[PDB]
Amino acid sequence: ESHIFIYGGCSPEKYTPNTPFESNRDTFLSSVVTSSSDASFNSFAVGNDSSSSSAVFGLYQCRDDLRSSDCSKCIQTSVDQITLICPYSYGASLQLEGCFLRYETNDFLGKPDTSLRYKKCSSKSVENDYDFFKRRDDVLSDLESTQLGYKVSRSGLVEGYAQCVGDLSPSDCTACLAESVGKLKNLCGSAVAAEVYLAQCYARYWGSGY
Ligand SMILES: *[C@@H]1O[C@H](CO)[C@@H](O)[C@H](O)[C@H]1NC(C)=O
């Protein structure tokens, strides 16, 4: 289901208890849970430019192909987990199968960012199967076409999934996924299955009966 751990990262810079930033962070996470109920994505800014007094900027993105109640469950789990693995971080991100949660002290909302956050290539490689690679190419090409939300793609026994985070413009979503696919090709050349997660999007492919 939608709750297994994919990756997490925290800022090296830590905040101290009983500061405005701690308060702002709590308020943010509380808002994320509230917003969960009836939106799959939302953006937030709490507070004022500063550091202990700093503003918080953040967002969450649930898998767009999942129900309301499932998005809330995932986000509640996410708020608990991100606190657990990143106790006193000024910045943190967390990707579960079902949802993504991010906050920082800098205003990253809406800005393109294609930096690599996480990737995994399957240990099993396909060899002597040109057809597999052509089908992968067709799938990845279709994923790259995404402008809003998510795409599921399929060609033969090759399946793919891509998602843009809801703070991106269409043009920026296309560019982000273009970089994802480039990365899938260049880091995981021969893998039967791989995933690449950038700052503002991700893309995965896998073999079905492979
Ligand atoms: C934050 O407060 C400072 C004064 O300390 C002010 O210069 C600035 O305009 C404010 N910005 C926001 C976003 O409230």
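Counting from 1, the numbers follow the sequence of the chain as shown. What's counted below: heavy atoms across the whole structure, side chains too, no hydrogens, waters or symmetry copies.
Under the 4.5 Å side-chain heavy-atom criterion for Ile, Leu, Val, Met, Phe, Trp and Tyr, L157 and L143 are members of the same hydrophobic cluster. Both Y150 and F41 are part of a single hydrophobic cluster, where members link through side-chain heavy atoms under 4.5 Å apart. Residues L168 and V181 are members of separate hydrophobic clusters, defined by side-chain heavy-atom contacts under 4.5 angstrom among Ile, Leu, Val, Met, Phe, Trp and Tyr. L177 and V152 fall into different hydrophobic clusters, defined by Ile, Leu, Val, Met, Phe, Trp and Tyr side-chain heavy atoms under 4.5 Å apart, directly or through other members. In the hydrophobic cluster analysis, where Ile, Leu, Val, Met, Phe, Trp and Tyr join through side-chain heavy atoms closer than 4.5 angstrom, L187 is grouped apart from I6.
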Between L94 and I85, does the side-chain contact (heavy atoms from CB on, under 4.5 Å) criterion hold? Intermediate values first, please. CA-CA 9 Å; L94 172 69; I85 62 161; 4.2 Å; yes
Take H3 and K73, measure what side-chain contact (heavy atoms from CB on, under 4.5 Å) needs, and give me the verdict at the end. CA-CA 9 Å; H3 279 43; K73 227 97 182 201; 3.7 Å; yes
Steps toward side-chain contact (heavy atoms from CB on, under 4.5 Å) verdict (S78, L96): CA-CA 7 Å; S78 161; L96 305 188; 4.1 Å; yes
Hey, mind stepping through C173 and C164 against disulfide bond (SG atoms under 2.5 Å apart) and telling me if it holds? CA-CA 6 Å; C173 171; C164 282; 2.0 Å; yes
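The shortest heavy-atom contact between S36 and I75 is OG-CB, 3.0 Å. Listed here is the closest heavy atom pair of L84 and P87: O-CD, 3.8 Å. What you find for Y197 and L116 is that their closest heavy atoms are O-CD1, 3.7 Å. Closest approach of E159 to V139, counting heavy atoms only: C-CG1, 4.1 Å. Of all non-hydrogen atoms in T114 and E179, the two that sit nearest each other are CB-CG, 3.8 Å. Annotation for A55 and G47: closest pair CB-C, 3.6 Å, computed over non-hydrogen atoms.
The closest donor-acceptor contact from the side chain of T27 to the backbone of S23 lies under 3.5 Å. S54 contributes no side-chain N or O that, together with a main-chain N or O of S50, makes up a donor-acceptor pair within less than 3.5 Å. Judged by distance alone, with hydrogens and angles left aside, the side-chain atoms of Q76 form no donor-acceptor pair with the main-chain N or O of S72 at under 3.5 Å. The backbone N or O of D49 lies less than 3.5 Å from no partner atom in the side chain of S53, so there is not a single donor-acceptor pair. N186 places a side-chain N or O within donor-acceptor distance of the main-chain N or O of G182, the cut-off being under 3.5 Å. For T19 (side chain) and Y15 (main-chain N/O), no donor-acceptor pair under 3.5 Å exists by modelled atom type.
Per the SG-SG cut-off, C74 and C99 are bridged by a disulfide [distance under 2.5 Å]. Between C176 and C201, a gap of under 2.5 Å is found separating the two SG atoms.
A cation-pi arrangement, defined by a distance under 6.0 Å to the six-membered ring centre and an angle within 45 degrees of its axis, is present between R63 and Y161. The side-chain tip of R102 points at the ring of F108 from less than 6.0 angstrom away and within 45° of straight on.
Between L59 and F44 the shortest side-chain heavy-atom distance does not fall below 4.5 Å. Contact check for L184 versus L140: side-chain heavy atoms found under the 4.5 Å cut-off. Put simply, the side chain of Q61 reaches to within 4.5 Å of the side chain of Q163, judged on heavy atoms. With contacts defined as side-chain heavy-atom distances shorter than 4.5 Å, the pair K124/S122 qualifies. Counting only heavy atoms from C-beta outward, the side chains of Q200 and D167 approach each other to under 4.5 Å. Residues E195 and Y118 are in side-chain contact: their nearest non-hydrogen atoms beyond the backbone lie under 4.5 Å apart. Between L198 and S180 the shortest side-chain heavy-atom distance falls below 4.5 Å. Counting only heavy atoms from C-beta outward, the side chains of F28 and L101 approach each other to under 4.5 Å.
A salt bridge is absent between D138 and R135: the closest approach of a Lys/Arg side-chain nitrogen to an acidic carboxylate oxygen does not fall below 4.0 angstrom.
Using modelled atom types, one finds a donor on one side chain and an acceptor on the other under 3.5 Å when comparing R136 with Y205. Looking at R25 and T83, their side chains do bring a donor and an acceptor atom within 3.5 Å of each other.
Results of the side chain to side chain donor-acceptor pair (under 3.5 Å) test with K151 over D64, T146, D142 single out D142 as the only residue that passes. The residue from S93, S89, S11 that alone fulfils the side chain to side chain contact (heavy atoms under 4.5 Å, CB included) condition with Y103 is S89.
The side chain to side chain donor-acceptor pair (under 3.5 Å) test applied to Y202 returns no partner, not counting sequence neighbours. Contacts of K185 classified as side chain to side chain donor-acceptor pair (under 3.5 Å), with partners at least two apart in sequence or in another chain: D137.
Between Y7 and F100, the angle of the ring planes lies from 30° to 60°, which puts this pair in the tilted group.
Atom CG of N24 is separated from atom OG1 of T105 by 11.5 Å, given to the nearest 0.5 angstrom.
Within a 6.0 Å sphere centred on OH of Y88, heavy atoms belonging to other residues, nucleotides or ligands number 12 at most.
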